Amino acid sequence: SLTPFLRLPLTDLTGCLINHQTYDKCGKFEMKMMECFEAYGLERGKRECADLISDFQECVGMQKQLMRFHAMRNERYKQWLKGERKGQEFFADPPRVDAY
Amino acid sequence: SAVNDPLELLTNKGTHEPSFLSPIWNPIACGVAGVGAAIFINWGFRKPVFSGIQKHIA
Amino acid sequence: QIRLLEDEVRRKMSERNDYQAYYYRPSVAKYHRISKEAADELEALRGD
Amino acid sequence: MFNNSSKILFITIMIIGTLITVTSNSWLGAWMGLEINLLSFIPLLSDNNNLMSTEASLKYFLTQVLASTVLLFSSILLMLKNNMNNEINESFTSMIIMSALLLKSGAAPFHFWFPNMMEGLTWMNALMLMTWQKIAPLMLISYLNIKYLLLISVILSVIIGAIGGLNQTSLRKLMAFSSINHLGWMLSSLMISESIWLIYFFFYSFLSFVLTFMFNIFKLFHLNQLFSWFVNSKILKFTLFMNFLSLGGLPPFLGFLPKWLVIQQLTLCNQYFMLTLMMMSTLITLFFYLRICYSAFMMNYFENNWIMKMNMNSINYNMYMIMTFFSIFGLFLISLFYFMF
Amino acid sequence: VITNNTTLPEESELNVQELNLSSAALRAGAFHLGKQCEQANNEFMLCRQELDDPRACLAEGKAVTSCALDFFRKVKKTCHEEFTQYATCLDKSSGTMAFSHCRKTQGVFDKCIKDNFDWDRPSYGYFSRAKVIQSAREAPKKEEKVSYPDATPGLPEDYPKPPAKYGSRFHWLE
Amino acid sequence: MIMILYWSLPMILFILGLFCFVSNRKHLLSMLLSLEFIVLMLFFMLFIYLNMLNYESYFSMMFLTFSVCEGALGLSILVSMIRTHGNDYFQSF
Amino acid sequence: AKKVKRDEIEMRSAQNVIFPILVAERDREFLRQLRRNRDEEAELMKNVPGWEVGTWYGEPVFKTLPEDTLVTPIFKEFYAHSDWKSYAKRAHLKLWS
Amino acid sequence: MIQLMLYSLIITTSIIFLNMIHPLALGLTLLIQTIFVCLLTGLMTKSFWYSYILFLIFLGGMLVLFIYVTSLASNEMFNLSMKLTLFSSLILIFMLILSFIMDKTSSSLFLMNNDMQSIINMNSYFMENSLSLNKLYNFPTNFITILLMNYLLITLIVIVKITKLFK
Amino acid sequence: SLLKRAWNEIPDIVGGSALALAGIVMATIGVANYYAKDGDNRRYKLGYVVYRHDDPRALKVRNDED
């Protein structure tokens, strides 16, 4: 989080305003990051948090994972458009509802 | 030396003697300012610059 | 001579931002730790 | 604290709101503080006694509200697509946040509201908008780090900021244009460094604070009023008016000390071209200030007849010309300032 | 997220018998089942609580379902009519499946259990308490602290501060 | 694209709101109402983000409490303005 | 109120007894379905420029996680080869499809 | 399907919003928009708690000001145009049939409703608002609520300062 | 004087005010009574709480009846 310059006693209201960490799977990744940011400042740390920022972002952001799905299902439709998939094969089996 | 040593060049080896003016300058600048300001005060108010030296001392 | 040295050092120390000085931007995990504590405080508290 | 007791209250809430911003940890908190500033300031600006105050209020509100709207919005995007307040790099996510902040503080291309404001505002109300309503958006601009946008702002922060000042005859509009030019210096200075930016704003606050605070005292609202304002001797008419040249920061006026500091560090960054342009325009800023000082440099002009005596508040005058005396002999305090190292 | 290099179980490993019972079926036999098999559950979902990776908890999970299966087979043999009636109350009686509407059948079903195994219906909240248990898996994850050797250092309060060199080291020393 | 399928609708509405905010209207009421629609969209972007977040959700109130205050201030100055001039019509500007 | 707390706790006490059995029969289906789900992700992108199952054309989606770390797929991924009828059957149960 | 139909209804009403110029017609348009947005955020939320909240504050109370002060009425009533209605119906329908066509899932959000959370999640079996609104009151993030209430107090001090111009 | 004056003018507010003062006093009594028993090792725990033997929470679990 961008650093309040003055850090006066009224950062004490909004600093913990809204926290990623608590009760979040990404929160574990937040700690993996935010410790390093504390270690290397905010400028060298932003340089040297390659994996930490990548995964932390991926967990909440879901960019990489979700876009993988979008191409994955588009490709299913694309073969259907080319006609490879017919009325039956066009979809797979349904996961048991009690799963996930 | 013949050796451009950064640390030793920086080190407080001394040889810095303050003037009779070196420390005193600030006291006799701020006080001179405040005294002049009081004279400035009376000058604009159409009051004797000498008058009310309590303002000047403070 | 010393002034030229100071600028050079200030150039390096800004380029790398190694040292916790003028060219540093301290971060803070305190608020995240505090919220971590609040989460701990209330997990054990859950349930009457 | 102008007429009523509520002036103290809204000032207090305003301070808290803006102080939240400068101490805000995340964009949302900063946005929160900004809106609280929006509340606290509107009632002071919108005096119920006259008319012009009220029209300034819609324009101020109708502008700031959109600024806050866009600011928070662009915050979400940045802090979505980056999922983190400190993005790895400045992309299109971030320029919008500056464009919000630049409008909020009235920077170069987004300024037109700001002169129209001055007509409505009274003096200290104007003053208070001049000084304090520009801290928070600027300190946020510090966090944003897009070089080129600030640079276009700095380029245009003096051109209009001085060319318009040449044209205005209402002191209200001149102060607007004077600050937009000075705002050019802060913006460049903040692109360079922050400690120097902090200093320069403070001296600007001091200088603008004293300046308008006497204009409030004597209620001089038009160049004619300046030429006509009675003074017993027509000498303090001239001693007091040195500060109009401290605006340009010519060495023996203490406005030089900040401009020197910014110039020194800026050229140390090697943006020499930018210095030349701002500093070229500085002369145009100082140009119309001499246009103001035709009232006092020469003495014993043609005056109105009916006036015989001129009077003013003890408190305001006692405070005012202490600040002036510093604007006269400020440099020799070269030692007293140790925040430049 | 899963990849072909990752390890998963065997189809046969997953293929184990499951209860097939209804909500009313389970919620009827809940209490007298809870105390017979809690070690199974306890160590089972204890390892789940501490460690989330389910690949290892498969074995103890198989134990949990088997243990419940065993209990109901005993119920099936011994007290059928009593248990079935209690089940029929517990759903027909209310759309919220609350024990506070056919306690008479609950009592009689308890009588049959009292006659067969002579077990006692646990307390109102016998399972509500914490469960402090023994360690069987014996896999406490390691408590550790991270080390960034090259963190950004500052000036310690012990670093000697020799008085300044060359005044303010400014243009004319001032 | 994530934004094109998810955060797109909020954009399209938000931009349309601003354009209506800078259009031509007999008085300013259409403007205030225009920015009011924008607030609802502003809430929309805000909530989908706060929904990314397990419990940070509650920040809705903070934004809502602040937003309604802007509207109240908006109506405040307008209504005082009719009362001043006997009208708050853009022809007076 | 004592009576209200009495029965609610009984629900919660009966609650905890049931729960592990659901989790146990839950894990098997999760692992079973994941096996199949990876199979189809392999068998559907047979002819794709550089497809790498469980990743995005090479680099892993997650890296800080040690090896043999199982990350539950997001709900959409878990349903990446499913129809609406399946999807809604679980998603829109608060809303009562 | 409900989600994308709700996009469609919001799009259509938005087109209505940018056309209408009569203040009541605009204020009416906001009213519909608010119901729609409440519905939509509710779907992607853990529950409809916040939807009920902002409904009764934003719509229930606060749009009363807007309609009321916009009771200027234009001095005359609507001249309703059945054409923009028909276009509204027309644009709605083929957007609606496209909604029937569009990809069932991928055209849906990814947020995690209470149902779309996993079964194992021991936290999800609490009262739906308990764990969400926890830290609005528990320290050290509760003082901000105190700031909210005083902000509202100060808001009233402001309104009586602006709404009290000599009458 | 003021005592009967208010109790004659604004009876509902006087009655309401006495109610409020009553509530806060017993509320403070509630907090005190709450922390007599330490109020945090609560008898019944939401979810499924488990502890390995010797865990400081495990050492603290109430062994009482309810």
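A, B, C, D, E, F, G, H and I label the chains in the order they appear, each numbered from 1.
Basically, a contact is a pair of C-beta atoms (placed from the backbone, for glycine too) under 8 Å apart; a residue touches a chain by one contact, two chains touch by 3 or more.
Colleague: Identify the chains in contact with subunit B as well as subunit E, in label order.
Modeller: Under the touch definition, subunit B and subunit E have C, D as mutual neighbours.
Colleague: State the chain with the largest centre-to-centre distance from subunit E, centres being mean CA positions.
Modeller: So the farthest one, by centre of C-alpha atoms, is B.
Colleague: Looking at CA centres, what chain is most distant from subunit G?
Modeller: Chain centre farthest from subunit G's centre: B.
Colleague: Just how far, in Å, is the C-alpha centre of subunit G from the one of subunit E?
Modeller: 17
Colleague: For subunit F and subunit H, let me know how many angstrom lie between their CA-based centres, rounded off.
Modeller: 11
Colleague: Would you mind pulling out the distance in Å between where the CA atoms of subunit G average out and where those of subunit H do?
Modeller: Averaging C-alpha atoms per chain gives centres 32 Å apart.
Colleague: Based only on mean CA positions, could you tell me how far subunit C sits from subunit G in angstrom?
Modeller: Roughly 38 Å, centre to centre.
Colleague: So which bits of subunit E are touching at least two other chains?
Modeller: 1, 45, 48, 124-125, 128, 152, 165-166, 169, 174 - these are the residues of subunit E that touch more than one other chain.
Colleague: Counting only residues that touch at least 2 other chains, which ones in subunit C make the list?
Modeller: Each of 2, 17-18, 20, 24, 28, 31, 34-35, 38, 46, 48 in subunit C touches at least two other chains.
Colleague: Give me the residues of subunit I that touch two or more other chains.
Modeller: 43-49, 57
Colleague: Per the contact definition, I'd like the list of subunit H residues that touch subunit D in the complex.
Modeller: 151, 154-155, 157-158, 161-162, 164-166
Colleague: Can you name the residues of subunit A that touch subunit G in the complex?
Modeller: 29, 32, 51-52, 54-55, 58-59, 62, 64-69, 72-73, 75-76, 79, 91-100
Colleague: Using the touch definition up top, name the residues of subunit A that touch subunit C in the complex.
Modeller: It is residues 1, 3, 7, 15-16, 19-23, 30-31, 34-35, 37-38, 41-45 of subunit A that touch subunit C.
Colleague: Touching residues of subunit B toward subunit D in the complex: what are they?
Modeller: Touch residues, subunit B against subunit D: 25-26, 29-30, 33, 36-37, 40-41, 43-46.
Colleague: Touching subunit A in the complex: which residues of subunit G?
Modeller: 25-26, 29-30, 33, 36-37, 40-41, 44-45, 48, 55-56, 61-65, 72-83, 85-86, 89-90
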